[PDB]
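1. An experimental structure, sequence included, is below.
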Amino acid sequence: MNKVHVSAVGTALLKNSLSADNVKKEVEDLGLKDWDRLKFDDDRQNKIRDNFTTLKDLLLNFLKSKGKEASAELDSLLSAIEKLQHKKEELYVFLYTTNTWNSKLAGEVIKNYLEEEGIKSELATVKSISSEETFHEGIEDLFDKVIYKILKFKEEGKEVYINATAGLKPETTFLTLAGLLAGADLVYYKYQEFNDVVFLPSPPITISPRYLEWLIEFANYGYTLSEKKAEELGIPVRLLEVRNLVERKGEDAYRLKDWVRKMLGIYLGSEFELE
Amino acid sequence: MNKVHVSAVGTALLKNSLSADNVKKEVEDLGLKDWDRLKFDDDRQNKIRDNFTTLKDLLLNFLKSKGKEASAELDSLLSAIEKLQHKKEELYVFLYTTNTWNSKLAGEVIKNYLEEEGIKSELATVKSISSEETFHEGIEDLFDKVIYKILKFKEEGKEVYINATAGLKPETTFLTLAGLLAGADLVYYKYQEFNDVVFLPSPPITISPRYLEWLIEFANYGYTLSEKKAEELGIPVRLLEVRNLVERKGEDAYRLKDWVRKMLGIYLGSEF
């Protein structure tokens, strides 16, 4: 399957499904009125868990009934696949979603629909972003679970298409940029009020070689540099600091920020810190 | 003003302002009940135009009253300014929005509010994206009105912070990517959720140099090349085409897509 689509899955499907009276009955009787908006540690997530199969078949029947438009994910996926003329034999759909029952439900339902339609696909899950503290881990997890998989796909000799329709804005802005750094071929988006997908300018990009040399340099010296050592290596720490590439750690020292190291992994391999 | 913040302006302010009865009254009497969602060619846009100044004063008063929380733009702007400890003296706020009356209204209101708060700013306007056909023009326009300005700011030795909070996904993903290609320093985002700005991974990036050389090559021979010329110059037009950089217009011929032209002829020259 040499043509891979990457798509986040949200819970809009959960919400959209309440249109239908049968779904609204079943969800209301289970106590799950706001199942699209549940927090990751809300107890109602265990009611989705405990009732997974049912809610699955119910959302897949809703989906069959009223068709792909109930999920912006499917709509943009299936529209892009139509417009690019990607054959079912050639296709793979790498879904990811947060590690929460309402999201996994949406994700399993969409996975099964794609498989009923002759499209092989996979659903990875990723850490929730529930605060400023969990955001940076959230992004590292997307690196590990998605960006590094885009890398694998590109080594495998495949074409990668990013579906930017789905996902929260910051998480898809990150996926688009990291995705293209990892060699993704094309980024697409379906406007809610259009039927056709558009192709975002997806130019082939790499970290500035100037900055790539500097950033690899911290790796030689224990990911830290005094101002005097940086200046001797010609590395403008005060500009790296503006660009949130380094943090000042103490009076004289600058440490290469952890997110940069994840991203360097695109260039030096995912396990380069362990060699 | 060494520190520029870039921010789209959406109409969410127009919608949020309906939670004051005076605004909702004036909106309903004027026929403007869904003014946040009006398309670019909707006739109700002329009611905003015809009433611009008064609807300005109305939204600015609502905004003073209830403060920056009424606008994702102000909220994220003022929060990022707070978190980065940028002084008002050193700031310039580059707002852009579509050339539509409901958008310009939101944008003028945000511009005046920032100026009342001692922050200099401009409001650039850009062509509306109303279809597949107008999308590519829309993106060329963002290049001309925003990306090229990010470039100018960076030649001046100013620092550019992109506020990714407001904007539709495709307009903000393009601003982030082309913004960083133009040398923008940092991209930030404020979740409504947890009321606090985060810094998105924003490495300095460039066009792949192999491709930059190929792309500048097309720019020497008009902006079209036969298959026999391309393979002679060692250019995988096959791979340019997959990455939407060239179209096959001609017979055995390839044409450099217009947006690529307007991205070369923004960051790395200004000729042909």
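-> All right, it came through fine. Numbering: from 1, shown residues only, chains lettered A, B, ... in the order given.
2. Pairing partners for the nearest residue to residue A:249 once chain neighbours are set aside in the sheet, please.
-> Spatial nearest neighbour of residue A:249, chain neighbours left out: residue A:255 (4.5 Å); criterion: C-beta to C-beta, 6 or more residues apart in numbering or on different chains. C-betas here are computed from N, CA, C, even on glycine. Per DSSP bridges, the residues bridged to residue A:255 are residue A:224, residue A:247.
3. give me every residue that touches residue A:255.
-> A:218, A:223, A:224, A:246, A:247, A:249 (C-beta atoms under 8 Å, 6 or more residues apart in numbering or on different chains).
4. and what of residue A:86?
-> Contacts of residue A:86 (C-beta under 8 Å, 6+ apart): A:3, A:5, A:80, A:161.
5. if we can go back for a sec, what's the spacing between the residue nearest to residue A:249 and residue A:217?
-> For residue A:255, the distance to residue A:217 equals 13 Å [C-beta to C-beta, to the nearest Å].
6. Report the set of residues contacting both of these two.
-> Joint contacts of residue A:255 and residue A:217 (C-beta under 8 Å, 6+ apart) do not exist.
7. all strands of the stretch 151-275 of chain A, in order?
-> Along the stretch 151-275 of chain A, counting by DSSP state E, counting those that start in this stretch, strands occupy A:159-163, A:186-190, A:197-200, A:205-207, A:224-226, A:246-248, A:253-256.
8. List the pairing partners of the fourth one within its sheet, with orientation.
-> Using DSSP bridges, the strands paired with strand A:205-207 are strand B:205-207 (antiparallel).
9. what's the offset of the strand it pairs with from the middle of its chain?
-> In terms of C-alpha atoms, centre = their mean, to the nearest Å, the centre of strand B:205-207 is set 19 Å apart from its chain centre.
10. what's the neighbour count on residue A:193?
-> Neighbourhood size, residue A:193 [other C-beta atoms under 10 Å in any protein chain shown]: 9.
11. And residue A:109, by the same measure?
-> 27.
12. Who are the contact partners of the residue nearest to it when sequence neighbours are not counted?
-> Excluding the flanking residues, the one nearest residue A:109 by C-beta to C-beta, 6+ apart is residue A:59, at 4.3 Å. Residue A:59 makes contact with A:13, A:14, A:17, A:23, A:105, A:106, A:109, according to C-beta under 8 Å, 6+ apart.
13. Which residues does stretch A:220-240 contact?
-> A:214, A:217, A:218, A:246, A:249, A:252, A:253, A:254, A:255, A:256, A:261.
14. and of these, the nearest to chain B?
-> Nearest to chain B out of these is residue A:214 (C-beta to the nearest C-beta; 9.4 Å).
15. List the contacts of that closest one.
-> A:233, A:235, A:240.
16. Format those residues as a markdown table; extra columns: neighbour count.
-> Below are the contacts of residue A:214 laid out as a markdown table (neighbours: other C-beta atoms under 10 Å in any protein chain shown):
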| residue | neighbour count |
| --- | --- |
| A:233 | 14 |
| A:235 | 23 |
| A:240 | 23 |
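17. ok, so of those residues, who is nearest residue A:172?
-> residue A:240 (26.2 Å; C-beta to C-beta).
18. how near is the closest one to residue A:221?
-> From residue A:240 to residue A:221 the distance is 14 Å (C-beta to C-beta).
19. which ones are touching residue A:64?
-> residue A:113.
20. which of the residues in stretch A:12-31 are buried?
-> For stretch A:12-31, burial by neighbour count (16 or more other C-beta atoms under 10 Å in any protein chain shown) applies to A:13, A:14, A:15, A:16, A:17, A:18, A:20, A:23, A:26, A:27, A:30.
21. which two in the residues you listed are spaced the farthest apart?
-> So, the buried residues of stretch A:12-31 by C-beta to C-beta: farthest apart are A:16 and A:30, at 17.5 Å.
22. ok, residue A:65 to residue A:240 distance?
-> Counting by C-beta to C-beta - residue A:65 and residue A:240 are separated by 54 Å.
23. In TSV: the contacts of residue A:59, plus distance to residue A:200.
-> Shown next, in TSV, are these (distance: C-beta to C-beta, whole Å):
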residue	distance to residue A:200
A:13	24
A:14	27
A:17	29
A:23	34
A:105	29
A:106	24
A:109	27
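24. tell me which of the residues you listed is nearest to residue A:38?
-> Among the contacts of residue A:59, and counting by C-beta to C-beta, the member closest to residue A:38 is residue A:14, at 8.9 Å.
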